[PDB]
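# Structure assessment
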Amino acid sequence: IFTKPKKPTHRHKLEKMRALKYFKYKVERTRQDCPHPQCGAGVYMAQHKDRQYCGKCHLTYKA
RNA sequence: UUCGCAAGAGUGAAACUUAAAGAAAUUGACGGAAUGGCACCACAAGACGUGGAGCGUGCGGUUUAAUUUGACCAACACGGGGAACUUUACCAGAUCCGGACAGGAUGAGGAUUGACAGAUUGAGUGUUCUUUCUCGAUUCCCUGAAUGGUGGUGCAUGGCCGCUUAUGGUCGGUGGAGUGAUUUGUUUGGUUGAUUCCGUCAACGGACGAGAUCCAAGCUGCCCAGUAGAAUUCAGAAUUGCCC
RNA sequence: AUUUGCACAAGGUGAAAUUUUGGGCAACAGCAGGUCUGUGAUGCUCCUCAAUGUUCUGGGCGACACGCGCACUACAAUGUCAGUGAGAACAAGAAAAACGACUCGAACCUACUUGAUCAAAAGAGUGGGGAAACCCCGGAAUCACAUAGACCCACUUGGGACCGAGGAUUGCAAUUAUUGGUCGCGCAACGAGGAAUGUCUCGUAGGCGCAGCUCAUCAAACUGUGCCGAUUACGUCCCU
Ligand SMILES: [K+]
Ligand SMILES: [K+]
Ligand SMILES: [K+]
Ligand SMILES: [Mg+2]
Ligand SMILES: [Mg+2]
Ligand SMILES: [Mg+2]
Ligand SMILES: [Mg+2]
Ligand SMILES: [Mg+2]
Ligand SMILES: [Mg+2]
Ligand SMILES: [Mg+2]
Ligand SMILES: [Mg+2]
Ligand SMILES: [Mg+2]
Ligand SMILES: [Mg+2]
Ligand SMILES: [Mg+2]
Ligand SMILES: [Mg+2]
Ligand SMILES: [Mg+2]
Ligand SMILES: [Mg+2]
Ligand code: NA
């Protein structure tokens, strides 16, 4: 017998057009690129309401 | 019912129950039955102990969430088992899939992987949520069947080990004897640790085991040493005579 | 003892005199002996995604009124301390398709020196060794000492169990003391052990250490090794 609720398995979410919202004829990238040279271009830092985050190298820029 | 003084004797069922009971021989095993041998896992002559104390360790019991389990001469410092984590098989929790593959959904208008921060939490563990980034077709979702398991069953097994069993034991062929199971060979005697030999003989011929082989140790030959040593010369240095 | 034969007993010879000594191997039949906890040995069966798989965290396998088997230490003067001497043998020792340099280095063992103008245990350097090469002339302790040393028959300078404080080391982690080292505790029993019971015949028993093994750390275990070394019998079938 267990008392804690069962932990669900993590499912990946999606935006279904996530590349469109990164860019903005003239094209501008709405996401600041990763300054880390290893990640390079094409890796965009996340835009959280608190800080910026890189998916590859986990670099974090606090506001 | 007859006989008897009586004890009883003669005569003599059935109901019911039961698959054997018996008989003679054979091979084992056993004997508080004989005979001959043998062993310090036996004794004799003894020696050191153990059993008494403290402590180490293993086993049991008790306790515990768990105190994981096997083994009870031939279990108990034994599983090479002297476990802090691991080991670990037990207990309280928490991850991962290491469910290949096949079939069917979703699916690059994205199947999926991994994560900073703040919460969850034992965890500064993305284990889960909020949040979005990231990786891209490796996964994920469902059914089947696979996989792994110090899960069971050693009374399903292999292999290995222990023990019977440290003694001298074991088996055919052909021949003899019995209806046969079986027996002789494989033996009365002496000898040997020895079914070891010598003799004897309804046997003769063999095959294992014992012995032999093998490994060390003690004596020794050859060979050999800038990875072993020795002796002898010079050269240096030390003691040097009255001392008690 | 002997018709013979097979042999035996003493003594010679000899390093060795009867399976030379000690081991290894060891038949045929078996046992419902043990092992499914060695294996990618294995049949059947059980679990299999909040798993009996796997990993991680923490506990446990060590818990203690007790019983039992094995071992270690003792009960002291054939002694305990303190000092000095002479003196073994088996043995072990370091690493990669990875880490740095560019094939070599480091892991392992050990010697020497310092620490040290002041305890041990440490900590550090400098070398050496792939092991007949370094350790190493392997300074083991039982032992010895005419050491003119202390103790003097007492649970005592026997015994060293239990426990308290300091400090060091191994490890990612030492609390349930990991293990050494220091000062205390010693007033914990134990003064030779009932009934029963184990092993042993010569370099043996007993006593004494040392190495390997398990091992990052830890031996009262085991597997070997050497050292000091006897009493007794060399017989029997009374017991098993
Ligand atoms: K016949
Ligand atoms: K037999
Ligand atoms: K002390
Ligand atoms: Mg009558
Ligand atoms: Mg005898
Ligand atoms: Mg026996
Ligand atoms: Mg044992
Ligand atoms: Mg664990
Ligand atoms: Mg298995
Ligand atoms: Mg069996
Ligand atoms: Mg078997
Ligand atoms: Mg016969
Ligand atoms: Mg005889
Ligand atoms: Mg005979
Ligand atoms: Mg145990
Ligand atoms: Mg003392
Ligand atoms: Mg052991
Ligand atoms: Na099985």
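Here, residue numbers run from 1 along each chain following its sequence as written; these need not agree with the numbering used in the entry, and residues that have no coordinates do not appear. Here chains are named by letter from A upward and ligands by number from 1 upward, in the order in which they appear as written. Scope of values: limited to the chains shown, which are part of a larger assembly. For side-chain calculations, the full set of non-hydrogen atoms in the structure is used, while hydrogens and water are omitted.

Method of determination, as given in the entry header: cryo-EM; reported resolution: 2.72 Å.

Quick look at the protein's contact with RNA strand C now. Any residue with at least one heavy atom within 4 Å of a molecule or strand is counted as near it. As a structural note, the neighbourhood of RNA strand C is formed by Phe 2, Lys 4, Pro 5 and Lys 6. A breakdown of the atoms of RNA strand C within 4 Å of the protein gives sugar and phosphate a share of 25%. Charged means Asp, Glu, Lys or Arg here, nonpolar means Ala, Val, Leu, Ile, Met, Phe, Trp, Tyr, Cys or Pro, and polar covers whatever is left, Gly included. Considered class by class, the residues forming the surface near RNA strand C number two nonpolar, no polar and two charged.

Turning to the nonpolar core, a few remarks are in order. General note: in soluble globular proteins, nonpolar side chains tend to be found buried as a group. To qualify as a nonpolar core, a set must consist of buried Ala, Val, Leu, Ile, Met, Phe, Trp, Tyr and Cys residues joined through side-chain atoms within 4.5 Å. Exposure is judged per residue with a 1.4 Å probe applied to protein chains only, and the accessible area is read against the type maximum: over 50% gives exposed, under 20% gives buried, and values in between give partly exposed. Membership of the largest hydrophobic core is limited to five residues, which are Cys 34, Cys 39, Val 43, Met 45 and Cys 54. Any two residues having at least one pair of non-hydrogen atoms within 4.5 Å are treated as being in contact. Setting aside its immediate chain neighbours within four residues, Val 43 contacts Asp 33, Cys 34, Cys 54 and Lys 56.

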